[PDB]
Every structure is written in C-alpha cells, then in structure tokens.
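For reference, work04.txt is printed below; it contains compact mmCIF, C-alpha atoms.
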# COMPACT_ATOMS: atom_id res chain seq x y z
CA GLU A 12 26.10 5.91 8.84
CA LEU A 13 23.66 4.51 6.24
CA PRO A 14 26.07 4.03 3.33
CA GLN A 15 28.77 2.28 5.36
CA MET A 16 25.97 0.09 6.71
CA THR A 17 24.82 -0.92 3.19
CA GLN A 18 28.38 -2.32 2.88
CA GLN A 19 28.56 -4.19 6.20
CA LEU A 20 25.56 -6.09 4.79
CA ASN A 21 27.86 -7.34 1.98
CA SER A 22 30.57 -8.20 4.53
CA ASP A 23 31.98 -11.67 5.31
CA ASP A 24 32.18 -11.37 9.07
CA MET A 25 28.86 -12.50 10.52
CA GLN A 26 29.00 -10.03 13.45
CA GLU A 27 29.25 -7.27 10.81
CA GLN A 28 26.22 -8.41 8.76
CA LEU A 29 24.16 -8.93 11.91
CA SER A 30 25.07 -5.58 13.45
CA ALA A 31 24.15 -3.67 10.28
CA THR A 32 20.97 -5.70 9.78
CA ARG A 33 19.77 -4.77 13.27
CA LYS A 34 20.47 -1.06 12.75
CA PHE A 35 18.54 -1.22 9.47
CA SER A 36 15.60 -2.78 11.33
CA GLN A 37 15.88 -0.18 14.05
CA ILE A 38 15.84 2.66 11.51
CA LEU A 39 12.90 1.01 9.66
CA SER A 40 10.77 0.25 12.74
CA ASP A 41 11.45 3.64 14.38
CA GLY A 42 10.10 5.35 11.25
CA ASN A 43 7.06 3.14 10.98
CA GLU A 44 6.33 3.76 14.70
CA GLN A 45 6.52 7.53 14.34
CA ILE A 46 4.01 7.21 11.57
CA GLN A 47 1.72 4.78 13.47
CA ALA A 48 1.99 7.03 16.51
CA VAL A 49 0.24 9.81 14.50
CA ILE A 50 -2.53 7.64 13.15
CA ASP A 51 -3.07 6.35 16.68
CA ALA A 52 -3.04 9.78 18.31
CA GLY A 53 -6.47 10.42 16.83
CA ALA A 54 -5.40 13.31 14.53
CA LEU A 55 -6.82 12.04 11.24
CA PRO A 56 -10.33 13.13 11.98
CA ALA A 57 -9.32 16.66 13.09
CA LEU A 58 -7.00 16.86 10.08
CA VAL A 59 -9.90 15.78 7.87
CA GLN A 60 -11.96 18.61 9.36
CA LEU A 61 -9.21 21.06 8.58
CA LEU A 62 -9.70 20.17 4.91
CA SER A 63 -12.51 22.76 4.97
CA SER A 64 -10.62 25.38 6.97
CA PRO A 65 -11.20 28.90 5.78
CA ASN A 66 -7.46 29.37 6.04
CA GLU A 67 -5.93 27.93 2.85
CA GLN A 68 -2.50 27.35 4.45
CA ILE A 69 -4.00 25.29 7.29
CA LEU A 70 -6.06 23.50 4.67
CA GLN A 71 -2.87 22.59 2.68
CA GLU A 72 -0.61 21.29 5.46
CA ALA A 73 -3.59 19.18 6.57
CA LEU A 74 -4.11 17.76 3.09
CA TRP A 75 -0.41 17.20 2.82
CA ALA A 76 -0.31 15.27 6.16
CA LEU A 77 -3.25 13.18 5.02
CA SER A 78 -2.06 12.38 1.57
CA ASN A 79 1.27 11.39 3.06
CA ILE A 80 -0.39 8.81 5.36
CA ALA A 81 -2.52 7.70 2.41
CA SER A 82 0.68 6.98 0.54
CA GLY A 83 1.40 4.13 3.01
CA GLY A 84 0.14 0.60 3.62
CA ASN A 85 -3.39 -0.71 3.12
CA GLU A 86 -4.13 0.12 6.73
CA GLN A 87 -2.84 3.72 6.69
CA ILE A 88 -5.26 4.05 3.80
CA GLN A 89 -8.07 2.51 5.83
CA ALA A 90 -7.44 4.90 8.71
CA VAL A 91 -7.58 7.79 6.21
CA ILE A 92 -10.80 6.35 4.70
CA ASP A 93 -12.24 5.61 8.20
CA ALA A 94 -11.62 9.21 9.30
CA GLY A 95 -13.88 10.23 6.41
CA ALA A 96 -11.36 11.87 4.10
CA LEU A 97 -12.84 10.64 0.81
CA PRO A 98 -15.75 13.15 0.70
CA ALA A 99 -13.58 16.11 1.75
CA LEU A 100 -10.96 15.10 -0.81
CA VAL A 101 -13.54 14.69 -3.51
CA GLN A 102 -14.86 18.16 -2.69
CA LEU A 103 -11.32 19.53 -2.97
CA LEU A 104 -11.38 18.09 -6.51
CA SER A 105 -13.45 21.09 -7.61
CA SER A 106 -11.06 23.73 -6.27
CA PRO A 107 -9.68 26.97 -7.77
CA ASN A 108 -6.23 26.53 -6.21
CA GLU A 109 -4.74 24.08 -8.70
CA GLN A 110 -2.20 23.08 -6.02
CA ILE A 111 -4.87 21.90 -3.63
CA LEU A 112 -6.64 20.13 -6.52
CA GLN A 113 -3.41 18.43 -7.60
CA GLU A 114 -2.63 17.27 -4.05
CA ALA A 115 -6.12 15.91 -3.51
CA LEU A 116 -5.77 14.12 -6.86
CA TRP A 117 -2.56 12.44 -5.70
CA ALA A 118 -4.02 11.31 -2.36
CA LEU A 119 -7.03 9.86 -4.18
CA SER A 120 -4.75 8.07 -6.57
CA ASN A 121 -2.96 6.52 -3.61
CA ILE A 122 -6.15 5.57 -1.84
CA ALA A 123 -7.33 3.98 -5.07
CA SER A 124 -4.10 1.98 -5.29
CA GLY A 125 -5.25 -0.43 -2.59
CA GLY A 126 -7.87 -3.17 -2.39
CA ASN A 127 -11.07 -3.30 -4.41
CA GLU A 128 -13.10 -2.25 -1.38
CA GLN A 129 -11.02 0.89 -0.96
CA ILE A 130 -11.31 1.67 -4.64
CA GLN A 131 -15.02 1.26 -3.91
CA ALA A 132 -15.04 3.69 -0.97
CA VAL A 133 -13.46 6.11 -3.44
CA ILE A 134 -16.15 5.30 -6.02
CA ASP A 135 -18.79 5.74 -3.34
CA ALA A 136 -17.40 9.16 -2.30
CA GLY A 137 -18.35 10.14 -5.86
CA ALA A 138 -14.89 10.76 -7.27
CA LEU A 139 -15.80 9.40 -10.67
CA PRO A 140 -17.56 12.38 -12.31
CA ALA A 141 -15.07 14.76 -10.71
CA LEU A 142 -12.26 12.61 -12.11
CA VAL A 143 -13.83 12.27 -15.55
CA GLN A 144 -14.25 16.10 -15.79
CA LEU A 145 -10.54 16.63 -15.09
CA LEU A 146 -9.59 14.65 -18.20
CA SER A 147 -10.76 17.62 -20.29
CA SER A 148 -8.61 19.93 -18.12
CA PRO A 149 -5.96 22.03 -19.97
CA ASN A 150 -3.19 21.60 -17.39
CA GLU A 151 -1.33 18.35 -18.27
CA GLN A 152 -0.18 17.99 -14.65
CA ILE A 153 -3.72 17.29 -13.56
CA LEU A 154 -4.97 15.48 -16.66
CA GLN A 155 -2.20 12.98 -15.93
CA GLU A 156 -2.97 12.34 -12.29
CA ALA A 157 -6.70 12.33 -13.08
CA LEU A 158 -6.01 9.59 -15.64
CA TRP A 159 -3.76 7.68 -13.27
CA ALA A 160 -6.53 7.73 -10.69
CA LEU A 161 -9.16 6.36 -13.08
CA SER A 162 -6.66 3.80 -14.37
CA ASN A 163 -6.08 2.65 -10.77
CA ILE A 164 -9.87 2.38 -10.55
CA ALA A 165 -10.03 0.66 -13.93
CA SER A 166 -7.89 -2.05 -12.33
CA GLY A 167 -10.54 -3.15 -9.83
CA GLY A 168 -13.44 -5.55 -10.34
CA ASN A 169 -16.28 -5.79 -12.87
CA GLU A 170 -18.38 -3.35 -10.88
CA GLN A 171 -15.62 -0.78 -10.48
CA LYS A 172 -15.00 -0.95 -14.23
CA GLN A 173 -18.72 -0.57 -14.78
CA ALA A 174 -18.92 2.62 -12.65
CA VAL A 175 -15.99 4.16 -14.54
CA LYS A 176 -17.93 3.51 -17.71
CA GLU A 177 -21.17 4.56 -16.05
CA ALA A 178 -19.54 7.93 -15.24
CA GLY A 179 -18.44 8.77 -18.78
CA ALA A 180 -14.80 7.74 -19.04
CA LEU A 181 -15.00 5.80 -22.33
CA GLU A 182 -15.42 8.79 -24.66
CA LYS A 183 -12.93 11.20 -23.10
CA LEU A 184 -10.39 8.41 -22.68
CA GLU A 185 -10.96 7.43 -26.29
CA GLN A 186 -10.39 10.93 -27.65
CA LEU A 187 -7.20 11.36 -25.59
CA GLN A 188 -5.24 9.53 -28.29
CA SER A 189 -5.13 12.74 -30.33
CA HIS A 190 -3.38 14.45 -27.40
CA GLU A 191 0.05 15.82 -28.31
CA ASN A 192 1.52 14.35 -25.12
CA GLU A 193 2.99 10.95 -25.83
CA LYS A 194 2.92 9.59 -22.27
CA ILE A 195 -0.71 10.63 -22.01
CA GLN A 196 -1.54 9.20 -25.43
CA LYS A 197 -0.15 5.89 -24.17
CA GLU A 198 -1.64 5.92 -20.65
CA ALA A 199 -5.13 6.16 -22.19
CA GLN A 200 -4.68 2.98 -24.24
CA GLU A 201 -3.69 1.15 -21.06
CA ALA A 202 -6.75 2.51 -19.25
CA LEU A 203 -9.08 1.64 -22.12
CA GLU A 204 -7.94 -1.95 -22.41
CA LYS A 205 -8.36 -2.58 -18.68
CA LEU A 206 -11.91 -1.39 -19.19
CA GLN A 207 -12.24 -3.12 -22.60
CA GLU B 12 3.84 15.35 22.43
CA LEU B 13 1.18 13.76 20.23
CA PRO B 14 -1.82 14.25 22.51
CA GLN B 15 -1.34 17.95 23.19
CA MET B 16 -0.97 18.46 19.43
CA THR B 17 -4.14 16.51 18.61
CA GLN B 18 -6.00 18.89 20.87
CA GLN B 19 -4.34 21.93 19.26
CA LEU B 20 -5.79 20.52 15.97
CA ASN B 21 -9.27 20.89 17.48
CA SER B 22 -8.58 24.39 18.85
CA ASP B 23 -10.11 27.68 17.69
CA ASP B 24 -6.91 29.70 17.45
CA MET B 25 -5.63 29.28 13.88
CA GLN B 26 -2.07 29.80 15.07
CA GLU B 27 -2.61 26.64 17.15
CA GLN B 28 -4.27 24.62 14.35
CA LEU B 29 -1.46 25.40 11.93
CA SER B 30 1.42 25.09 14.35
CA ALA B 31 0.22 21.52 15.17
CA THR B 32 -0.60 20.64 11.57
CA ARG B 33 3.05 21.35 10.74
CA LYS B 34 4.36 19.26 13.63
CA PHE B 35 2.29 16.35 12.37
CA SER B 36 3.57 16.89 8.84
CA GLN B 37 7.06 17.12 10.23
CA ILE B 38 6.76 13.84 12.19
CA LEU B 39 5.21 12.10 9.17
CA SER B 40 7.75 13.37 6.65
CA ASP B 41 10.72 12.59 8.98
CA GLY B 42 9.44 9.07 9.49
CA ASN B 43 9.02 8.52 5.79
CA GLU B 44 12.48 9.87 5.03
CA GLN B 45 14.33 7.45 7.31
CA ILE B 46 12.61 4.54 5.68
CA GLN B 47 13.43 6.10 2.27
CA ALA B 48 17.11 6.77 3.09
CA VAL B 49 17.45 3.00 3.62
CA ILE B 50 15.90 2.06 0.30
CA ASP B 51 17.99 4.68 -1.42
CA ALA B 52 21.12 3.68 0.44
CA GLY B 53 20.62 0.48 -1.60
CA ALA B 54 20.45 -1.91 1.34
CA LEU B 55 17.50 -3.83 -0.12
CA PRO B 56 19.64 -6.06 -2.45
CA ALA B 57 22.04 -6.96 0.37
CA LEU B 58 19.28 -7.58 2.91
CA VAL B 59 17.71 -9.87 0.31
CA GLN B 60 20.97 -11.89 0.00
CA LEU B 61 20.94 -12.20 3.76
CA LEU B 62 17.69 -14.16 3.40
CA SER B 63 19.79 -17.24 2.60
CA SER B 64 22.24 -16.67 5.42
CA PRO B 65 22.92 -19.90 7.32
CA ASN B 66 22.88 -17.77 10.46
CA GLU B 67 19.33 -17.92 11.82
CA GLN B 68 19.63 -14.59 13.64
CA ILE B 69 20.95 -12.72 10.60
CA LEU B 70 18.24 -14.29 8.46
CA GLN B 71 15.40 -13.24 10.74
CA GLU B 72 16.68 -9.69 11.22
CA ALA B 73 17.06 -9.27 7.48
CA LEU B 74 13.64 -10.75 6.94
CA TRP B 75 12.21 -8.52 9.62
CA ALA B 76 13.66 -5.34 8.00
CA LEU B 77 12.37 -6.33 4.60
CA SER B 78 8.83 -7.06 5.64
CA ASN B 79 8.65 -3.67 7.35
CA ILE B 80 9.53 -1.96 4.09
CA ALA B 81 7.04 -4.26 2.37
CA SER B 82 4.40 -3.00 4.75
CA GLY B 83 4.37 0.44 3.09
CA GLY B 84 3.25 2.05 -0.16
CA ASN B 85 3.11 0.52 -3.65
CA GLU B 86 6.61 1.82 -4.18
CA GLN B 87 8.28 0.36 -1.09
CA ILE B 88 6.72 -2.90 -2.28
CA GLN B 89 8.24 -2.30 -5.71
CA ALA B 90 11.65 -1.57 -4.20
CA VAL B 91 11.48 -4.85 -2.21
CA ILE B 92 10.24 -6.63 -5.38
CA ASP B 93 12.92 -5.06 -7.60
CA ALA B 94 15.67 -6.13 -5.16
CA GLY B 95 14.76 -9.76 -5.76
CA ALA B 96 13.08 -10.53 -2.45
CA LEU B 97 10.37 -12.82 -3.80
CA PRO B 98 12.56 -15.68 -4.99
CA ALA B 99 14.01 -15.83 -1.44
CA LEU B 100 10.71 -15.39 0.35
CA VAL B 101 9.03 -18.18 -1.57
CA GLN B 102 12.01 -20.38 -0.80
CA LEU B 103 11.58 -19.42 2.87
CA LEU B 104 8.02 -20.61 2.47
CA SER B 105 9.32 -24.17 2.67
CA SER B 106 11.11 -23.57 5.99
CA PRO B 107 11.05 -25.71 9.13
CA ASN B 108 11.57 -22.78 11.46
CA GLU B 109 7.90 -21.89 11.73
CA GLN B 110 9.00 -18.48 13.02
CA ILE B 111 10.74 -17.78 9.74
CA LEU B 112 7.89 -19.33 7.82
CA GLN B 113 5.31 -17.08 9.52
CA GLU B 114 7.38 -13.95 8.99
CA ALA B 115 7.92 -14.79 5.32
CA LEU B 116 4.16 -15.32 5.01
CA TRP B 117 3.61 -11.84 6.37
CA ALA B 118 6.08 -10.30 3.97
CA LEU B 119 4.43 -12.05 1.00
CA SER B 120 1.06 -10.98 2.35
CA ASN B 121 2.07 -7.34 2.44
CA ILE B 122 3.63 -7.56 -0.99
CA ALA B 123 0.47 -9.17 -2.30
CA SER B 124 -1.54 -6.20 -0.93
CA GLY B 125 -0.10 -3.80 -3.52
CA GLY B 126 -1.15 -3.23 -7.12
CA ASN B 127 -2.28 -6.08 -9.35
CA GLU B 128 1.12 -6.18 -11.08
CA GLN B 129 2.74 -6.75 -7.69
CA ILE B 130 0.37 -9.63 -6.97
CA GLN B 131 1.36 -11.06 -10.33
CA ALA B 132 5.04 -10.81 -9.33
CA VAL B 133 4.09 -12.83 -6.24
CA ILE B 134 2.21 -15.36 -8.36
CA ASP B 135 5.01 -15.53 -10.99
CA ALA B 136 7.86 -16.31 -8.55
CA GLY B 137 5.69 -19.18 -7.45
CA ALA B 138 4.14 -18.34 -4.12
CA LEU B 139 0.89 -20.05 -5.02
CA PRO B 140 1.71 -23.79 -4.59
CA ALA B 141 3.76 -23.13 -1.45
CA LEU B 142 0.82 -21.04 -0.34
CA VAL B 143 -1.83 -23.66 -1.00
CA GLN B 144 0.15 -26.37 0.75
CA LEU B 145 0.22 -24.25 3.93
CA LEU B 146 -3.57 -24.61 3.90
CA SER B 147 -3.27 -28.04 5.58
CA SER B 148 -0.64 -26.97 8.11
CA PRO B 149 -1.73 -27.59 11.72
CA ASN B 150 -0.40 -24.31 13.09
CA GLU B 151 -3.50 -22.11 13.04
CA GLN B 152 -1.20 -19.09 12.90
CA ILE B 153 0.31 -20.27 9.62
CA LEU B 154 -3.04 -21.37 8.17
CA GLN B 155 -4.32 -17.83 8.73
CA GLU B 156 -1.55 -16.01 6.95
CA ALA B 157 -1.40 -18.47 4.04
CA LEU B 158 -5.14 -17.90 3.77
CA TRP B 159 -4.88 -14.15 4.07
CA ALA B 160 -2.02 -14.16 1.58
CA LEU B 161 -4.20 -16.01 -0.94
CA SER B 162 -7.21 -13.87 -0.07
CA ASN B 163 -5.13 -10.82 -1.06
CA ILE B 164 -4.15 -12.41 -4.33
CA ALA B 165 -7.80 -13.43 -4.82
CA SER B 166 -8.57 -9.74 -4.43
CA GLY B 167 -6.61 -8.97 -7.59
CA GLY B 168 -7.73 -8.52 -11.19
CA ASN B 169 -9.39 -11.36 -13.13
CA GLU B 170 -6.32 -13.10 -14.59
CA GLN B 171 -4.83 -13.19 -11.10
CA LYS B 172 -7.81 -15.15 -9.80
CA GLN B 173 -7.52 -17.90 -12.44
CA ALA B 174 -4.06 -18.76 -11.13
CA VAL B 175 -5.39 -19.01 -7.55
CA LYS B 176 -7.98 -21.55 -8.65
CA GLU B 177 -5.43 -23.05 -11.06
CA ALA B 178 -3.13 -23.56 -8.06
CA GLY B 179 -5.56 -25.71 -6.09
CA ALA B 180 -6.85 -23.04 -3.75
CA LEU B 181 -10.48 -23.72 -4.63
CA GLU B 182 -10.56 -27.32 -3.41
CA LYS B 183 -8.35 -26.89 -0.35
CA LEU B 184 -10.01 -23.59 0.45
CA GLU B 185 -13.38 -25.34 0.22
CA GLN B 186 -12.65 -28.15 2.68
CA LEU B 187 -11.67 -25.33 5.04
CA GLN B 188 -15.31 -24.62 5.84
CA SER B 189 -15.29 -27.18 8.67
CA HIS B 190 -12.18 -26.30 10.66
CA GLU B 191 -12.43 -26.20 14.46
CA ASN B 192 -11.83 -22.44 14.41
CA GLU B 193 -14.53 -19.98 13.31
CA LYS B 194 -12.12 -17.37 11.96
CA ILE B 195 -10.94 -19.93 9.41
CA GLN B 196 -14.40 -21.10 8.38
CA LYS B 197 -15.32 -17.45 7.92
CA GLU B 198 -12.17 -16.28 6.13
CA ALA B 199 -12.30 -19.11 3.60
CA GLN B 200 -15.75 -17.93 2.59
CA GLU B 201 -14.34 -14.48 1.86
CA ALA B 202 -11.51 -15.94 -0.19
CA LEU B 203 -13.79 -18.44 -1.96
CA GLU B 204 -16.41 -15.81 -2.72
CA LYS B 205 -13.90 -13.18 -3.89
CA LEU B 206 -12.95 -15.63 -6.63
CA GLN B 207 -16.51 -16.90 -7.22
If you took the structure in this file and wrote it as structure tokens, what would it be?
Amino acid sequence: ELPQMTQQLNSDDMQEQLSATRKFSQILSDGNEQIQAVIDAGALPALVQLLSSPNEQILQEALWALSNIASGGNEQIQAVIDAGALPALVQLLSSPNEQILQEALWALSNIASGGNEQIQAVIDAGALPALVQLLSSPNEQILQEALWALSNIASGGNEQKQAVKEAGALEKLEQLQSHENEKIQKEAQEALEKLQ
Amino acid sequence: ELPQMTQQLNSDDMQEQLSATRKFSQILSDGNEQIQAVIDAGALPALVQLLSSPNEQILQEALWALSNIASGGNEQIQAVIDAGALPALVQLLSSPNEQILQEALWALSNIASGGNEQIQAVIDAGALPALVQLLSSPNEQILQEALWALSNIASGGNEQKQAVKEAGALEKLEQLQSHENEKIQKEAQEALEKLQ
C-alpha cells in the first residue's frame, strides 16, 4: 500500500492526508518498536559473547545483528557500547575471515558516527592501531572502511584528533595520495585536513 | 517470543544459539526494512509539506512520523534533512501549540545528534536563535529540550561551537545555573563546558 499512500499525502482531501499520515506513523513506530523490543530483551550481551563463538556462522549472524543495531540512533549505539561490544569488535579487527573483519569495520564506523564520547569509547577499546594497520591493507574494500572509520574519528574533539595522530595515522594517510584509487586519494585529503 | 530466544542465546546447544541469533537478525532486519520502505517510497517530501498543514491533527501526525525517522541512523537523518524538514521544523519552533513546539524540539534534537555536517544543516537553517530564545521559556519541558538540542550542537566540531556562542547561548546558558530545578543547573554546566 506504501506507494499509493505516498500519494494520499499529496492529496487535497484532509481525511486522505490524515489517514495516510497515520499509517505512515504506524509503519514507522511498529518498526522502531520491534527494534527496541530486541535491545530491551537483554540479547545484546549474549550476542556480544557470541562474537567469540568457535562456530564462525554463529559468530557472523551475531555480528550482523549487532552492527545492524549499531547502525541506529545514538541510544542503539549506547546499548551496543554498554553491552561491551567495542573490545570484541576491535578483536575481530585482526581476523583471517575478511568478511568478519569487514563487518566489524562497518559496525565500528557506525559506532564512531555518534557523539564524541562514543567515538571515545571506540578510541578506548583500542581501535586506533588496528584501524591504522588496515590502511596498508591490499584489499580496497577494507582500506576504504578503515579510512572512513578514522575519518569519523578525525571529526571528534582535540583529544580524539590527538589520539589518531598518536596512533600513527598521519604518515599512512599522507602517503595514500599516491593510491591509484581516486575516491581513496580524495578521502585521505579530507581526513588529513580534519586532523590538520 | 523475545525472552525464550534470549535464553536460547545463552544455551550450550549451538543449534539453539544459531537458531535464535537468526530470529533476532530477522526481527531487526524486518524492522529496519519497514522504516526503509517508507523513506524509499518517497513519503518524506510530502510529510514535510504536511508540516505547514493548517490542520493541527495532520500536522502533528506528520511531525510525529518524521521525528521517528529522525531518531535513527545518520542516513535516516540525511533523508529527513534532504526532504527539506529543517526549514519547517525551525518555523515550528516559533509555535504556540507547546505540544507541537516540544515535538519539533525533539526532532531537531535527534537531527542534531548525527554527524557534524548534519548539525551544521541544523545551524544553517537557523535553529540556533529560536533555540536560544526557548532558554527563557517557563515550561521546564521545553527548556530541557532546547537545552539538550543546543548541548548536541555544542557536542559538534569546533566551527559548530562558535555559532552556538555566536548565537547567545553562552550568556543565556550561563544565567541558567540558578534555576529552581537541579537537572537544568546541571545540564547547563555540561553544555557550557562542552563549548569551554
């Protein structure tokens, strides 16, 4: 019904616009409540514990569920932080399965998208060295997220910027210019100037 | 249901752990995809136009829907921003219906919780004055969101914070260290210090 609905919003009859506007709110709040109803069920910590499952499939659906939550609002992020995901995720940064590595990267990018304190919980979980090492990485998939992540962290305060520098970003970042990839080339400039 | 699954997560049987991990993923991804199928059905632009409805009901339902979407990830926020919500939301800042005013404060607050470019979009469409004026409002509910809203903007990069001070925050925020309520004395400190 969604696409009809997006038209009843552009309608002249006020019972039409109202009707459709309510349905849109119902759709939007039902979805948000399914999501909140998972955070509130107490799963996050058990999920976080499954990040170190011996079974790599279990590991991956768990990391997927987490990174999904961590893609939400500043409080879904907090619940993910509060359940102690940051260390586990940072650990997963040094993984052989480049799919697990790349998913953990993306979650950490999202968690570092929020407020300066959350960027700091990330910095405290010791992501920085792990994230600086992945700049050298040969796989451009990763190099790119790795760089996004540090750029997100470059966007925090004086003492986030200082820890990025303090962990070795300046050189690597600097020598990324000479990378064939044009979007990478660019993204480094942006990261450097934030830092200064 | 959610509680039986959260136990399954803590189980020993790996069939159990994984079966539940996928139900959680499935709930999370289904919840995210209803929200998404509303943004991608293009309702945001039309819900934004309904923010100037002369029908109070329509207006509040539209504003309710939008602030839900604005409660999500940096990209929901972007979608809301891209659909031209901010002009309307700032305009709603100068509303007499304190119910609309408070809801529009909460939208702006969520929007201001995203990346530093999103805060700047808030600042640019001129939330700041409207926001600083609400600092004298008698309604302690309103005072708190206006304050939070600014506190989120004060949590941005450096150039963000010079507009907060440049808006008047500093002075008004500073006389807010002697308000009957403790939460407001306290929360002004945070805001004031963030900047300082």
| said: Need to verify the contact set: region 78-85 of chain B, 8 Å, all atoms listed in the file, exclusion of same-chain residues closer than 4 positions in sequence. Can you return it as a ChimeraX atom specification? | reply: /A:39-40,43,82-85,124 /B:46,74,89,91,114-115,117-118,121-122,125-126
Output C-alpha atoms for every residue in that selection, as a PDB file, in the coordinates of the input.
ATOM      1  CA  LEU A  39      12.900   1.010   9.660  1.00  0.00           C
ATOM      2  CA  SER A  40      10.770   0.250  12.740  1.00  0.00           C
ATOM      3  CA  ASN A  43       7.060   3.140  10.980  1.00  0.00           C
ATOM      4  CA  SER A  82       0.680   6.980   0.540  1.00  0.00           C
ATOM      5  CA  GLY A  83       1.400   4.130   3.010  1.00  0.00           C
ATOM      6  CA  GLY A  84       0.140   0.600   3.620  1.00  0.00           C
ATOM      7  CA  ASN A  85      -3.390  -0.710   3.120  1.00  0.00           C
ATOM      8  CA  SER A 124      -4.100   1.980  -5.290  1.00  0.00           C
TER       9      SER A 124
ATOM     10  CA  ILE B  46      12.610   4.540   5.680  1.00  0.00           C
ATOM     11  CA  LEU B  74      13.640 -10.750   6.940  1.00  0.00           C
ATOM     12  CA  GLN B  89       8.240  -2.300  -5.710  1.00  0.00           C
ATOM     13  CA  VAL B  91      11.480  -4.850  -2.210  1.00  0.00           C
ATOM     14  CA  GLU B 114       7.380 -13.950   8.990  1.00  0.00           C
ATOM     15  CA  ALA B 115       7.920 -14.790   5.320  1.00  0.00           C
ATOM     16  CA  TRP B 117       3.610 -11.840   6.370  1.00  0.00           C
ATOM     17  CA  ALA B 118       6.080 -10.300   3.970  1.00  0.00           C
ATOM     18  CA  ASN B 121       2.070  -7.340   2.440  1.00  0.00           C
ATOM     19  CA  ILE B 122       3.630  -7.560  -0.990  1.00  0.00           C
ATOM     20  CA  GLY B 125      -0.100  -3.800  -3.520  1.00  0.00           C
ATOM     21  CA  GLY B 126      -1.150  -3.230  -7.120  1.00  0.00           C
TER      22      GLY B 126
END
As a PyMOL selection string, could you give me every residue of chain A near chain B (at most 8 Å apart, counting all atoms listed in the file)? chain A and resi 13-14+16-17+20-21+25+28-29+32-33+35-36+38-43+45-46+48-49+52-54+57-58+68-69+72-73+75-76+79-80+82-85+124-127+166-168
Correct to one decimal, the distance CA of residue 201 (chain A)-CA of residue 181 (chain A) is 12.3 Å
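CA of residue 105 (chain A) is positioned 24.0 Å from CA of residue 192 (chain A).
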Give me the box for region 175-193 of chain B as lines of an AutoDock Vina configuration file, namely the centre and edge lengths in Å to one decimal of a box along x, y and z that holds every listed atom plus 8 Å on each side.
center_x = -9.2
center_y = -23.6
center_z = 1.7
size_x = 28.2
size_y = 25.1
size_z = 41.5
Practice item. Tell me, as a list in words, which residues lie within 12 Å of residue 102 (chain A), counting all atoms listed in the file; anything in the same chain fewer than 4 positions away does not count. Key: residues 59, 62, 63, 96, 97, 98, 106, 107, 111, 112, 115, 116, 119, 136, 137, 138, 139, 140, 141 and 142 of chain A
